[PDB]
Amino acid sequence: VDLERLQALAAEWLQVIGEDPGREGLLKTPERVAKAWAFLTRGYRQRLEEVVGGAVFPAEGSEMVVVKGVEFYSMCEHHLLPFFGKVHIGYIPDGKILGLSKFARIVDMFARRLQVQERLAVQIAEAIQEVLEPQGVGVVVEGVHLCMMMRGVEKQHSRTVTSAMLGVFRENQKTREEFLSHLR
Amino acid sequence: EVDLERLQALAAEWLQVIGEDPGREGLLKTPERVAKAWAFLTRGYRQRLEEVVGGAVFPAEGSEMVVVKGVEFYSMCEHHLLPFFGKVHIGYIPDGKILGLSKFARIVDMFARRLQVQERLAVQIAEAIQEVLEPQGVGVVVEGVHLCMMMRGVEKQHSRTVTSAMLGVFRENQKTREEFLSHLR
Amino acid sequence: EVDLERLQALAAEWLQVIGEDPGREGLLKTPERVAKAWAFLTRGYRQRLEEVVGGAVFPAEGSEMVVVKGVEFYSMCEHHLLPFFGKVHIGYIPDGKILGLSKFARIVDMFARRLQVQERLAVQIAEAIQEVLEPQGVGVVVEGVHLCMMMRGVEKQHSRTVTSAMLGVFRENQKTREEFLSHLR
Amino acid sequence: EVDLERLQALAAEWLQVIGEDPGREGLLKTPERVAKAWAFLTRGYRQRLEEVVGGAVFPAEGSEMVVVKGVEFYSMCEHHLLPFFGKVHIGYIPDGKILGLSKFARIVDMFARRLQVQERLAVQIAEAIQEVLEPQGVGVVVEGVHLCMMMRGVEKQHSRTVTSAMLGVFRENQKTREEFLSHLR
Amino acid sequence: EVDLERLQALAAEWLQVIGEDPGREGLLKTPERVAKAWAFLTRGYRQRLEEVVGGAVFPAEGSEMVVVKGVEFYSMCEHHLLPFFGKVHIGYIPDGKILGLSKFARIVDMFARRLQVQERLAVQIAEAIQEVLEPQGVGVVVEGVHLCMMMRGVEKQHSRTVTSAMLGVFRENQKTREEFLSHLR
Amino acid sequence: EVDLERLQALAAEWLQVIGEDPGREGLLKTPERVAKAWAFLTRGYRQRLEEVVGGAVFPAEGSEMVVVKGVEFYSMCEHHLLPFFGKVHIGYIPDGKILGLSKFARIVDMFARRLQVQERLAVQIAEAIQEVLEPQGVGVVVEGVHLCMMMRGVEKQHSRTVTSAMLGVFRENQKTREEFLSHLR
Amino acid sequence: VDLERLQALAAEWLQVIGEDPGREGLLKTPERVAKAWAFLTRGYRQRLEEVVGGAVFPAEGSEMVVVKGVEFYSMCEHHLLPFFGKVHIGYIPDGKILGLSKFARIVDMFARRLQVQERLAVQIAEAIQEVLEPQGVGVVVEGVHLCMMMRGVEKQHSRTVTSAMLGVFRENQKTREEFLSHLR
Amino acid sequence: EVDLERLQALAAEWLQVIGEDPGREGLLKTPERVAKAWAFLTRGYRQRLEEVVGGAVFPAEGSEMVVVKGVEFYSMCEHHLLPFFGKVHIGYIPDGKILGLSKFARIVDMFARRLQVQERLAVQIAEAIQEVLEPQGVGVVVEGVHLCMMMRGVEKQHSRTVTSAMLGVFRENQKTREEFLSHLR
Amino acid sequence: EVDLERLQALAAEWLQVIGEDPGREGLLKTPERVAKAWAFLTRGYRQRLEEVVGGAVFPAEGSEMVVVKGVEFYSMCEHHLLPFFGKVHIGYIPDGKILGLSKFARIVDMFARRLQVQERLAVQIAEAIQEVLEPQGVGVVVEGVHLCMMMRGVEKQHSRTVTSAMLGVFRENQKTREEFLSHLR
Amino acid sequence: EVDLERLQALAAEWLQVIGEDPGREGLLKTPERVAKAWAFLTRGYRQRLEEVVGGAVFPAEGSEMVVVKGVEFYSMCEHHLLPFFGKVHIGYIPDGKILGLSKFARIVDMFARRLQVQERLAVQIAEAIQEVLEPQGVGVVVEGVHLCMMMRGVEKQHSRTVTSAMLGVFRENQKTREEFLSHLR
Ligand SMILES: [Zn+2]
Ligand SMILES: [Zn+2]
Ligand SMILES: [Zn+2]
Ligand SMILES: [Zn+2]
Ligand SMILES: [Zn+2]
Ligand SMILES: [Zn+2]
Ligand SMILES: [Zn+2]
Ligand SMILES: [Zn+2]
Ligand SMILES: [Zn+2]
Ligand SMILES: [Zn+2]
């Protein structure tokens, strides 16, 4: 009975900040917020095996596959404010390739949680490593943080880059550079 | 002001309900940070237009339109409590009085740091300026992206919304409104 | 609602007729995926306008035009069953009521996920908004690229098509229409 | 080759199952147009590399790398039968033989106009080039957007995928590969 | 119907007169290739508007303007027999009937694949569309670069030429023409 | 020395064979204009490298690389007699002597105004410069679009071709070539 | 003896804010500041007649002349912090045209003063009106203000547009629009 | 025409007065190169409009506006003898006569290659066009940067100047002028 | 703290000395505003790194480089007391500890809100981060425009200055420094 | 320092020889303006490096490279006396001392306001900085457009020339040089 509990909490939140839950513009707000939050945290209850499904196929070649620009939206665990941007995924197969759409589904699984950008990148990389067991995986996350833009320091031109490199992407300098070069 | 203690408690419980552990290192100080954050995000309700403007009202130097554009803003939609942000463009034709440019930004923040709907935000900003300067006319255009539309639900990514408010000559004089809008292009 | 089992069979036969092997490892689950895909791409016929709006209709805050631009859309041309896509720009002047921004996107998807001609898409979105809000007027601009025109036939690569529908003041008032169009530039 | 009548009937029934009316003025000739479209979209299965090249092979002028970039392509994903498209970048170092520039586009189309996965498309284009000419090396980079990801399922909008294949010196000589890749930036 | 053999002969003599070896390895098949080329580049003379449009003329979904922009074209200037190319933008207001998007591209190619003058090209495309749809009005804009101006003679590099033709309401309604032209910006 | 009269004759017969009226108002002076045109477009064959460079060869001010980029060029492909054009980038490390910037453009035009193959063009320009300055090394990159590929046959639109030639240190010193190529990005 | 007086004031300013006028990086600072300020206020002591010189010529035609993008730098009189941008000048002659370089010299005359952007535009327009007595003059000033960016509100994306229209630019709607259109 | 020897000696002495050494290896042929350069830069004084046009006048194809934009030009300011350059935009409505596109560039150069002031340059180009053809109207817009402002005196860097001339309908018909000006944006 | 009264007095006199009237309406409150402004512009001297960081130090989630870029800054040159501003790019490889992203901005401000020289600014920011996190390495790049170079003296307009500081692995490991710098491109 | 009276006379005679009237109202004061202009454009010969630097040499704050980019420059080619311009990018690694940023611009102007060849300009600026600071190394990159190449002779429009000079570590250390160059991209 979590949605109802969230609704009540949201209703009281509105009052504590000085608003009126009874005015027209806020009537269904506690309910809308509850559903929004169940969706924004749905990643905690997802299972990788189910997320990937039967979309793993035999590798067609040996070269690096790069899936760039997968937009994501997450919530920083420190202030509970959104941070969003793009996730760039690169990998070298070892007999298995993933359906392109599954990369976005994996990204969403870890993004729709309370996060820190440094963690988001490692978890995405590790999930891909588990599913495909590739020669190597590279993940670059680049996002803008509202907890830095609409509050506190209030900087406007800043964006953060975090990444995770596994297998040959970590141990082969040229391989890493080639992946990072594809992103420029 | 805002009962930070109650906000903290509510936030601590919110963490438990969504499935998290309020005890872990990364969330220990979260309720506190969130309470402070929301007090700041709603400080606009507790502001006074006269205090916000201060002593930054000066004599007009001319009768031509003054356009202050690209004033970035950040707000919270009253429908989903998710941020919506962008820029506010202000235009006005003086009547003996002009405002310190930085005060436009302060007025924008006063009405943005509340729970809002973009349509209202433009109107209140325009009305606040009309009250302070009693100009011949005021024009306000708000352009913003909404996370409640990108981060969830419909999940559209390329959309932006434009709202505005036109007072005095900006409403009645087509050429004046058009000139203001052309300046934004 | 749609006979997925029959779509699967049709797709399986389709693969065989074009010269492919339905037994390939890369096509085993294709008829199933195709069936699901097409049920989604045609879900627009099974939707109801009032359920899509869901009561997210609120009182107008001002009299000024609201412009929701860049709403991405994806559709299928009824002529070749090949995708055509781009953006939908919506503008309207309220008469008592405004719509929750995301509902415009939901209205767009409702008519886009059907077999269409871009000319009809612009009309139906505009009419739907007209029915839901009974505004002083509504304007809709659809801009899209057509694959039936680039990956087949003439094979042109730089072309884009603009269609539009104007109701009420967006049709009757030349100045309101131009202002809406200017906002899109 | 392909049974257009079989495809016609399959498409006609496809319209009915998804909930449409084949009798509609706009859908009258659709089953026919679809059959011919799909015959065109799969024509690459029936093409011969020897005829595609048409003996447009000439003696090499030098030993330096030739880069043919931005060859747009259109294909269909074998998993969902939805289009994916973009550009194909080709680079090679001759060994007494160079190919007519336009034949590279003809080779790209030969393999694109089939059911595919982007990883395979790049390999077959490179292998085809290595077969036609006897280059010291070949490099092929494919970059495309996939509608199966954009208009359905995950519905991501900013994503693009890069796949490639390196043969000969492009695989052995690190500097050569980097030089090719740098030319594409 | 064009005499390919006669063209090969003329082309072979052309190569000699300019001081080149027709027996050279990379020129042996040139007269043949040039012959086929020019037959394609002038095929527009041998086309019928009735066949080009086919049966893709459907009922209008609305009365609003339809704008098909960025239709790339390639032609040959009759004065120097050197290529000139760019894009063709078409706008029209239907009267009960609309055309299939792609057919616009075919009409453009029909008049472009001839020896031309840009001023004439814009007129012939507009008249063709007027004859086919008999709409309330048609607007056509052609914008291109001319090699006879940049590759020879004056050798200017940044120049582009705009020519157009306006029929029906696009000529009679000033607002209509402006709205069409604004869509192109 | 080219027989202009013979070209006019051949051009006049060319106009007839394709199904056009040579007596037409806008074609009467065409054979004459085409004759003069082709004499100019092939004048490169009738030029001497010694005269082209003139006496503009001066002592080197330093030992660092000189990069002359963006030298636009226009040529004619020997296979189809259709224009191909773009830019030529030249890089070199002098050995006591440097060339006047503009002379680089003249050398480019000398080899471009002929019937060519892009691979050959890059080689001949590089060899010409090597012969004139006898520097430590020379690097030449040619990038262009080919009308025979976009205006005819495959009709691809986004494609561009890069060909090059490396002499001396630009071939022997990997760092030197990379540095030259990086300047072009 | 103003430069010396400014030097002394600047030296004390350094101390009051917590700095040390004796450290190497500040040694010649009081002197540098004094000269900078004499230059930044030189506009007060300039004479229009001298600024224009003999660069007024007979008009060649009747159409509008538009000199756009004349960069300027000024000091806001409210906080003594810089505001800068561009000045766009448009005018229709009545027998006399000005040397293009003189427009920039006129702009500098009024910019190098303590200003408010609204005033800067009118003074530039009025100066041009006096020198040429044209059928009309139009001046558009667009600048960014540091007193708004590096202090106070601290907004980053904002820029202000001010203008002045005299003669036919004020009274002829089409003429004004044509001028403003040239700036887009 | 021009006395190259007189110019040579003047330039040779100019070098001495500014403090240079005419005996320097780099200045040896300078006085000569300068004389020929200045003869070229002033050649427009000695050109005849009738010969520049070379009878390249053809019967009008339509009544719609022809716009030739981006014709780059280079000139010298009569006040400082420093270069100013940019582009020339030409627009006109025919009256039975149209001009060869390349002749517009030839006319621009005729008046640019003189000592000038930008205001006059536009007027003379328009007057020249009105003389050659008998258009219903002519519009000419010149946009250039002036080195006399950039490398000396005020030393402004972002400035550009626009001058124009309107004759016939471009001066009488407001809409026609606006349409021409809009085409340039 | 800062003696605002003395600053006010000094400012009031400064106004008199430059030639202004401290009595006029626009300057009456100037000394006061300027005093406050400078107290703020120098608040960095009075800050403590430990208080600035607060409790925003958390356990590292990985061993990969974290790059925080585009942090806008505003400072005052100690040479002319004129503003210099731009962006600061920070990169570091953790050793068990990572910082709250917003604290980087706070550290940047702490050292920017003082009289500075850009070379020093980069070093102090880097050192402050090294002290707080004791990372394996730190990289800081500062890019800024200087008004003392644009607003006066040399008056250059297109110049920007790049300074940096590299500590730990960012200084000793070439590949690590290079990777950080590539991320800024 | 320069005989302005003699330059005036030479210029007056120049005007007369090219075919102009020295009596025109637009040329009356031209010889005088030209003389002043040329004294300014050659003032670089009369400047002294130590006076240009003016003791604005300070102690190094760090060991990292300082890169001052985009310093605009204007110069005159000694070959044709026509302007060439663009930008100068400076990079250096200190050894005890750094230079006031604006002095780099003053050093640039000192060598630019002379008759030059771009190759020498890069060398002299680098050597000057080397002498003033005795750094571990200095790198200079000059990028410019040459009017003698665009408004005369070959008349190419897209070309730009890059010259450079590398001293100390910028010459001896491949990695430092690449890092400097990378910063310029
Ligand atoms: Zn946070
Ligand atoms: Zn919302
Ligand atoms: Zn279709
Ligand atoms: Zn798929
Ligand atoms: Zn021609
Ligand atoms: Zn060819
Ligand atoms: Zn201020
Ligand atoms: Zn001048
Ligand atoms: Zn300074
Ligand atoms: Zn020169």
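Residues numbered from 1 in each chain as written, not as in the entry; some residues may be left out. Chains lettered and ligands numbered in written order. Heavy atoms only, no water.

Looking at the entry header, you'll see X-ray crystallography listed as the method and 2.2 Å as the resolution.

Asks: How should the overall build of chain A be read in this particular structure?
Replies: When helices and strands are counted, chain A shows eight helices and seven strands. Per-residue burial over chain A gives 66% buried out of 184 residues. Taking contacts inside chain A between residues at least 6 apart in sequence as the whole, the part at least 24 apart equals 68%. In the form shown here, chain A has an accessible surface area of approximately 6,300 Å², with 46% of it arising from carbon and sulfur atoms. Chain A carries 23 positive and 24 negative side-chain charges, and their two centres are separated by 2 Å. (Helix = DSSP H or I, 4+ residues; strand = E, 2+ residues; numbered from the N terminus. Buried < 20%, exposed > 50% of the residue type's maximum accessible area, 1.4 Å probe, protein only. Contact = heavy atoms within 4.5 Å. Areas by Shrake-Rupley, 256 points an atom, 1.4 Å probe, with all protein chains shown as cover. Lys, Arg positive; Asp, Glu negative; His and termini not counted. Charge placed at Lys NZ, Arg CZ, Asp CG, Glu CD.)

Asks: I'm lost on the overall build of chain B in this one. Help?
Replies: When you go through chain B residue by residue, the secondary structure sums to eight helices and seven strands. In terms of overall dimensions, chain B has a C-alpha envelope of 60 × 40 × 20 Å along the principal axes. Considering chain B as a whole, with its 185 residues, one finds that 66% of them fall into the buried category. Residue pairs at least 24 apart in sequence account for 69% of intrachain contacts in chain B once pairs closer than 6 positions are excluded.

Asks: Would you take a moment to explain the coordination of the zinc ion (ligand 8) for this structure?
Replies: Geometry sets the ideal angles at a metal, namely 109.5 degrees for four tetrahedral donors and 90 or 180 degrees for six octahedral donors. All names here are of chain H. For the zinc ion (ligand 8), the full set of protein donor atoms is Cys77 (SG), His80 (ND1) and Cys148 (SG), at a range of 2.3 to 2.7 Å. Mapped onto the sequence, the donors of the zinc ion (ligand 8) take the spacing C-x2-H-x67-C. Taken as a pair, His80 in the loop between β2 (66-77) and β3 (83-93) and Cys148 in helix α6 (residues 147-150) lie far apart in primary sequence, 68 residues in all. Each of the two residues, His80 as well as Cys148, counts as buried. (Donors = N, O, S within 2.8 Å, 3.2 Å for Na, K, Ca; no water.)

Asks: Whenever I open this one, the relation of the copies chain F and chain H confuses me. Can you help?
Replies: In this arrangement, two copies of a chain are superimposed by a rotation about an axis accompanied by a shift along the axis. You can overlay chain F on chain H at an RMSD of 0.2 Å; the transform is a turn of 180° with a shift of 0.1 Å along its axis. On the angle and the small slide along the axis, the relation comes out as a two-fold axis. Closest approach to the rotation axis within chain F is made by the C-alpha atom of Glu72(F), at a distance of 7.5 Å. (Least-squares fit on C-alpha atoms.)

Asks: It is not clear to me how the UniProt feature "binding site: Zn(2+)" (unreviewed entry) in chain B should be interpreted in this structure. Could you clarify?
Replies: All names here are of chain B. The UniProt record marks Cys77, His80 and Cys148 with the feature "binding site: Zn(2+)" (unreviewed entry), using the residue numbering of this structure. Across 72 residues of sequence, these annotated residues stay compact in space, with a maximum C-alpha separation of 8.0 Å. On the basis of relative accessibility, which here comes to 9%, the residue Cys148 falls in the buried class. Setting aside residues up to four positions removed in sequence, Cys148 forms contacts with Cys77, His80, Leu82 and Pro83. (UniProt positions renumbered as here; feature names shortened; annotations may be inferred.)

Asks: Explanation requested: the domain arrangement of chain B in the structure shown.
Replies: Interface size is commonly expressed as the accessible area that is lost once the parts come together. All names here are of chain B. Under the domain assignment, chain B is made up of domain 1 (1-54) and domain 2 (55-185). The C-alpha-based centres of domain 1 and domain 2 are spaced at 27 Å. Facing 13 residues of domain 1, the contacting portion of domain 2 comprises 16 residues. Here domain 1 packs against domain 2, burying approximately 1,300 Å² in sum over the two surfaces, 69% of which is carbon and sulfur. Counting every contact that joins domain 1 to domain 2 gives six residue pairs in polar contact. Looking at the side of domain 1 that touches domain 2 residue by residue, the class counts come to seven nonpolar, four polar and two charged. (Domains from an automatic or database assignment. Buried area = accessible area lost by both parts, 1.4 Å probe. Polar contact = N/O pair within 3.5 Å; in protein donor to acceptor, adjacent residues only side chain to side chain. Nonpolar A, V, L, I, M, F, W, Y, C, P; charged D, E, K, R; others polar.)

Asks: For this particular structure, what's the right way to read the interface of chain F and chain H?
Replies: Residue-level contacts link four residues of chain F with four residues of chain H. Interface of chain F and chain H: buried area, both sides summed, is about 410 Å²; carbon and sulfur atoms make up 63% of it. One can count zero salt bridges joining chain F with chain H. In this assembly, chain F and chain H are joined by zero residue pairs in polar contact. Looking at the side of chain F that touches chain H residue by residue, the class counts come to two nonpolar, no polar and two charged. (Salt bridge = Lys/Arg side-chain N within 4 Å of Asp/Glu carboxyl O.)

Asks: When you look at the packing of helix α1 (residues 2-16) of chain G against helix α2 (residues 29-40) of chain G in this model, what are you seeing that I'm missing?
Replies: Relative placement of two packed helices is described by the angle separating their axes and the distance separating the axes. Residue and element names in this part refer to chain G. Between α1 and α2, the least distance of the axes is 8 Å, while the angle of their chain directions is 125°. One way to sum up the angle between α1 and α2 is to call them oblique. Crossing hand, α1 versus α2: right-handed. Between α1 and α2, the contacting residues are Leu3, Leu6, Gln7, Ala10, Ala11 and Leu14 on the first element and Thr29, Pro30, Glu31, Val33, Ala34, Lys35, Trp37 and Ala38 on the second. Residue composition of the contact of α1 with α2, grouped by class: ten nonpolar, two polar and two charged. (Axes fitted to C-alpha atoms, helices over the stretch in contact; angles between N-to-C directions. Parallel < 35°, antiparallel > 145°, perpendicular 65-115°, else oblique. Left-handed = near helix turned anticlockwise from the far one by under 90°.)

Asks: Which parts of the structure should I look at to understand the interface of chain C and chain D?
Replies: Of the residues lining the interface, 45 residues belong to chain C; the matching set on chain D comes to 45 residues. For chain C, the biggest contributors to the area lost against chain D are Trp14(C), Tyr74(C) and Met151(C); these three give 18% of the whole. In this assembly, chain C and chain D are joined by six salt bridges. A salt bridge links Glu13(C) to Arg6(D); the shortest N-O distance between them is 2.9 Å. Here chain C is connected to chain D by 15 residue pairs in polar contact. Among the elements of the structure, α1 (4-17), α2 (30-41), β2 (66-77), β3 (83-93) and α6 (147-150) of chain C are those that each provide at least two residues to the side of chain C that touches chain D. A total of eight residues in the side of chain C that touches chain D trace back to one element, the largest contributor, which is α1(C). A per-class count over the side of chain C that touches chain D returns 25 nonpolar, seven polar and 13 charged.

Asks: Sorry, what's going on with the domain arrangement of chain A here?
Replies: Residues and elements named next belong to chain A. The domain architecture assigned to chain A consists of domain 1 (1-53) and domain 2 (54-184). Contacts between the two partners involve 14 residues from domain 1, matched on the other side by 16 residues from domain 2. At the boundary of domain 1 and domain 2, one finds zero salt bridges. Run the count over domain 1 and domain 2 and you get seven residue pairs in polar contact. Among the elements that make up the side of domain 1 that touches domain 2, the one with the highest residue count is helix α3 (residues 48-52) (four residues). Of the residues contributing to the side of domain 1 that touches domain 2, the split by class is seven nonpolar, four polar and three charged.

Asks: Before we go on, may I ask you to explain the pattern of salt bridges in this structure?
Replies: A side chain with one charge may pair with a side chain of the opposite charge, provided their charged atoms come close. Taken as a whole, this structure holds 146 salt bridges over all chains when the rule is applied. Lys156(C) is the salt-bridge partner of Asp109(E), the closest N and O atoms lying 2.8 Å from each other. Placement of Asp109(E) in helix α4 (residues 101-112) and of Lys156(C) in the loop between α6 and β7 (160-168) is noted, with the two residues assigned to different chains. Take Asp109(E) and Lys156(C): they sit in the same class, and that class is buried. What emerges from the salt-bridge pattern is a single network uniting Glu19(A), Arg23(A), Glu78(B), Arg120(B) and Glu61(C).

Asks: What is the right way to look at the UniProt feature "domain: GTP cyclohydrolase I" (unreviewed entry) in chain B in this model?
Replies: Sites flagged by UniProt as "domain: GTP cyclohydrolase I" (unreviewed entry) map to residues 11-184 of chain B. For residues 11-184 of chain B, the end-to-end C-alpha separation is 41 Å, with 41% helix and 29% strand making up the annotated structure.

Asks: Quick question: what am I supposed to make of the side chain of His146(J) here?
Replies: Of note, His146(J) is situated in strand β6 (residues 137-146). On the basis of relative accessible area, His146(J) is assigned to the buried category, the value being 5%. The residues touching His146(J), leaving out its near neighbours within four places in the chain, are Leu101(F), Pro83(J), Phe84(J), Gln118(J) and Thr161(J).

Asks: What's the story with the arrangement of the chains in this structure? I'm lost.
Replies: Separated in space, chain E and chain G share no contact, their closest pair of C-alpha atoms being 12 Å apart. Where chain F comes nearest to chain G, the C-alpha atoms are still 27 Å apart, and the two do not contact one another.

Asks: Would you explain the UniProt feature "binding site: Zn(2+)" (unreviewed entry) in chain A in this entry?
Replies: Residues and elements named next belong to chain A. Summarizing the sequence annotation, UniProt attributes the feature "binding site: Zn(2+)" (unreviewed entry) to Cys76, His79 and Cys147 in the numbering used throughout. Inspection of the secondary structure assignment puts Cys76 in strand β2 (residues 65-76). When sequence neighbours within four positions are dropped, the list of residues in contact with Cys76 reads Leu81, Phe83, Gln115 and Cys147. Within the secondary structure layout, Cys147 lies in helix α6 (residues 146-149). Residues contacting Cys147, with those up to four places away along its chain left out, are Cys76, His79, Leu81 and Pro82.

Asks: Would you mind showing me how to read the environment of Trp14(J) here?
Replies: Residue placement: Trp14(J) occurs in helix α1 (residues 4-17). Sequence separation of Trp14(J) and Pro31(J) is 17 residues, and the distance between their C-alpha atoms is 8.9 Å. Once residues lying within four places of it in the same chain are set aside, the contact partners of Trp14(J) are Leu7(H), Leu10(H), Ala11(H), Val34(H) and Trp38(H).

Asks: Before we go on, may I ask you to explain the UniProt feature "domain: GTP cyclohydrolase I" (unreviewed entry) in chain A in this structure?
Replies: Mapped onto this numbering, the UniProt entry gives "domain: GTP cyclohydrolase I" (unreviewed entry) at residues 10-183 of chain A. Structurally, residues 10-183 of chain A is divided into 40% helix and 29% strand, and its ends, taken at the C-alpha atoms, are 41 Å apart.

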